[PDB]
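A.B. asks: pasting the first bit of my complex, frame unchanged:
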Amino acid sequence: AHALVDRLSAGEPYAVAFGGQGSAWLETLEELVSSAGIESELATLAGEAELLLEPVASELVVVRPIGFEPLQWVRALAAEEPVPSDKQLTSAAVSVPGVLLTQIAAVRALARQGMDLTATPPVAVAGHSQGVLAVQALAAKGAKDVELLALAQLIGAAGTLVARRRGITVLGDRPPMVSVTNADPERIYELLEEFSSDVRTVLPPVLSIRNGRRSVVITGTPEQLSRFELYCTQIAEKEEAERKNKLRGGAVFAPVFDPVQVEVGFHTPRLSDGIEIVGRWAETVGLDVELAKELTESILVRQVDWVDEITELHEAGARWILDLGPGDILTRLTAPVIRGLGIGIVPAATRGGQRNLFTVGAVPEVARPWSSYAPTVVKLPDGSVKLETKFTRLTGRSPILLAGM
Amino acid sequence: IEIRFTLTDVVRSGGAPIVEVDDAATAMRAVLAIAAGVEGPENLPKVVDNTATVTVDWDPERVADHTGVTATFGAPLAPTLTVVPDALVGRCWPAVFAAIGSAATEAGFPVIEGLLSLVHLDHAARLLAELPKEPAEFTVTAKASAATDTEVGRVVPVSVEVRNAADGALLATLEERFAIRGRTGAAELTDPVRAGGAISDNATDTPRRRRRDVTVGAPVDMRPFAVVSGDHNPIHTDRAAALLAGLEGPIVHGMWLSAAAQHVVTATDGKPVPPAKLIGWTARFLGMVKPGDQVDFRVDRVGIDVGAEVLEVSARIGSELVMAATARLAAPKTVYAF
């Protein structure tokens, strides 16, 4: 008896969200296996992973051997001794498929208890970065499940072959993925454009993710990103001399800059040679569906305008959003984005938020629709008009006062 | 691919109930020939005659795979070059092996060589003052300088010349010496004796300087390096062949280690600028290495040759010495003002 699903059926609508790369997936996958009492799906998913690689008529010569049997690494990690380094596990080749498996296993978990109820109905299914993959075949029939993992195996593979990290330095530390805070999307692109003016077409930084109002993410070659890092520092310091003059228009900006743990540039032209190869990799497999070409471009080259997409499905008035992504990523990214517009969001595979899911009474978490506190008009016995607010209601007077002077 | 063998039994001699076919050596060769070359590369030299490598092209993804196969971060290491001099060994490998047997081996040697008994002694890359670069094509020549036998077995030093196709000049010289353990000869005789050195005209002497304390993991499986390098030897892959050869296990490629310790010397004393700095490297394999191995390397600054710093490297897994390495490195580039 799941109230939300029961709500979902008669009452308020729902939307599925899938997280992308940079989710710290392995520790979630390790826990998900340990927290799993049902191995039934993992039997077929492991076999089809073995199968689908063999018939491949696509090039895929380098990829298949560097691919690893998922069942072995898990059982090893369950003996508590074996596991490769985080640096090896975070590489797109083995990471991208593993992230989807964590998400797919996250789908099954809820589907175990309540399936008759916990079956299909979202309004829409949306995804982030490589998360758009697992979105597609979840909306398709169940035989398409590995096709995600199959395409993910292909996505991270070509992306790795085409472009991979050639250097890293403890300071910052410097990745292909960079994030700046507090600064306008226009201002960030300005400094971006200011710096990109000085560099060749081969290594420009570009805006990848716009996470919110003043929070963005710019990406490119780690070295060139480190150069953009220099200009923002100089401006920060020159504006410091401004702030200490005690002037507001003449005040320093207080942004927050710091890199990310992501190993390789995504949504950049540096992955452009990867699209083609990936496309052929799908058609040489039984993966044929017409969106394999569109997903790749969205993941590899085309940027992700995120806030606007999940908001669009949100402005459709769908009250609920779940995220089956590893750890939980994009569940909390979306929350202050929407905040008080009526949306509320439970991380999926999180025990606290799942406690809501499985009960009749603990379900209805619905974040406050600010319009709920919107002022109203009041009449009185002598017939005075009163503008109603949380202030007026208490005091019984107009919501205006002459402050102590 | 299948390998066949044959036995013969004469029980008149009870202590020798089994005596097995003398065609074994020639029979073993035909098996290796099918697997190794598959008649894919073909030139037909006798051991003395030059072994030619037709044409070789270096893709940017072959740069990445090798630099990704061996990586160093925790020590502030930043690999930079178009082609690491370690990448030379991948080009010259399939040609060198062809010289391991011959009529000159038929004359003075029994031609008894277990391939499982093959032991790599030393490997070195000497530069002609040219360094490898981007897309320009390479063509390699391999020659056997000598064929020697030792108290511990048969040794075949192999000289290798790497040339840029488009330009048509010799860029580098690669040196390999292999040890088969069962043979004796009148060709070249050595008891304990072999020697090699990296030497230069103008030299300066220095004092021992500790540079870096290195921590290097060995790969989980040896197949990834086997694919890139072109070394298909079942010793490093198949457990049945490794056990048959009486080995501790699926031994890590000594060649991977060679690029492993090098990549550190490349980035550490070499600093964020390795490419024009290391003009040569030599590597000696002291002991065998199993996968999943935590190995500690230490490079020191010893002396100076031709304005290039010499750097000595020692390797230890616990108490055991593993690799002895030495490299010629140019100093961090200097700009003078008066």
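C.D. replies: Received, thanks. Residues are numbered from 1 along each chain as shown, chains lettered A, B, ... in the order given.
A.B. asks: Which residue does the stretch 51-200 of chain B have closest to chain A?
C.D. replies: Across the stretch 51-200 of chain B, the shortest distance to chain A (Cβ to the nearest Cβ) belongs to residue B:78, at 4.4 Å. Bear in mind the C-beta positions are built from the backbone N, C-alpha and C, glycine included.
A.B. asks: tell me, how many neighbours does residue 288 end up with?
C.D. replies: Let's take chain A. 10 (other Cβ atoms under 10 Å in any protein chain shown).
A.B. asks: should've been chain B
C.D. replies: Neighbour tally, residue B:288, other Cβ under 10 Å: 14.
A.B. asks: What's the separation between it and chain A?
C.D. replies: Separation of residue B:288 from chain A (Cβ to the nearest Cβ, to the nearest Å): 22 Å.
A.B. asks: and what of residue B:214?
C.D. replies: 15 Å.
A.B. asks: in the strand or helix carrying that residue, what counts as buried?
C.D. replies: According to DSSP states H and E, residue B:214 maps onto strand B:203-217. By 16 or more other Cβ atoms under 10 Å in any protein chain shown, the buried positions in strand B:203-217 come out as B:211, B:212, B:214, B:216, B:217.
A.B. asks: Tell me the bridge partners for the second one.
C.D. replies: Under the criterion DSSP bridges, residue B:212 forms beta bridges with residue B:299.
A.B. asks: Could you pull up the residues touching residue B:333?
C.D. replies: Taking Cβ atoms under 8 Å, 6 or more residues apart in numbering or on different chains, we find residue B:333 in contact with residue B:273.
A.B. asks: Append chain C to the structure above:
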Amino acid sequence: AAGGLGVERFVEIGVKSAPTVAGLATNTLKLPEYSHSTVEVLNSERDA
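C.D. replies: Putting chain C together with the chains above:
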């Protein structure tokens, strides 16, 4: 910058004259060169 920015060493010679144009370089390495580069300022007098 056009030929690559990797590690550079700046050495001044002439013995006791060495600290000067190095100190000239040092302060110059600070103000325009704030880009965080690995650079070594060496003097014949001081840094021998």
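A.B. asks: try the contacts of residue B:333 again now we have chain C.
C.D. replies: Applying Cβ under 8 Å, 6+ apart, the residues near residue B:333 are B:273, C:7, C:8, C:9.
A.B. asks: and the residues you listed, which of them are in helices?
C.D. replies: Among the contacts of residue B:333, none falls in helices (DSSP state H).
A.B. asks: Now the buried members of those residues.
C.D. replies: B:273, C:7.
A.B. asks: that older thread, elements contacting the strand holding residue B:214?
C.D. replies: helix B:254-267, strand B:294-305 (3 or more Cβ pairs under 8 Å, 6 or more residues apart in numbering or on different chains; DSSP states H and E).
A.B. asks: ok, now which ones touch the residue of chain C found nearest chain A?
C.D. replies: Closest residue of chain C to chain A, Cβ to the nearest Cβ: residue C:35 (4.6 Å). Counting by Cβ under 8 Å, 6+ apart, residue C:35 touches A:227, A:230.
A.B. asks: Just the buried positions in the host helix or strand of residue B:172, please.
C.D. replies: Using DSSP H and E, residue B:172 sits within strand B:169-180. By 16+ other Cβ under 10 Å, the buried positions in strand B:169-180 come out as B:171, B:172, B:173, B:174, B:175, B:176, B:177, B:178, B:179, B:180.
A.B. asks: Show me the strands paired with the helix or strand that that strand is followed by, marking each as parallel or antiparallel.
C.D. replies: Using DSSP H and E, the helix or strand that follows strand B:169-180 towards the C-terminus is strand B:188-189. Paired neighbours of strand B:188-189 in the sheet (DSSP bridges): strand B:148-149 (parallel).
A.B. asks: What ranges does chain C have for its helices?
C.D. replies: C:18-30.
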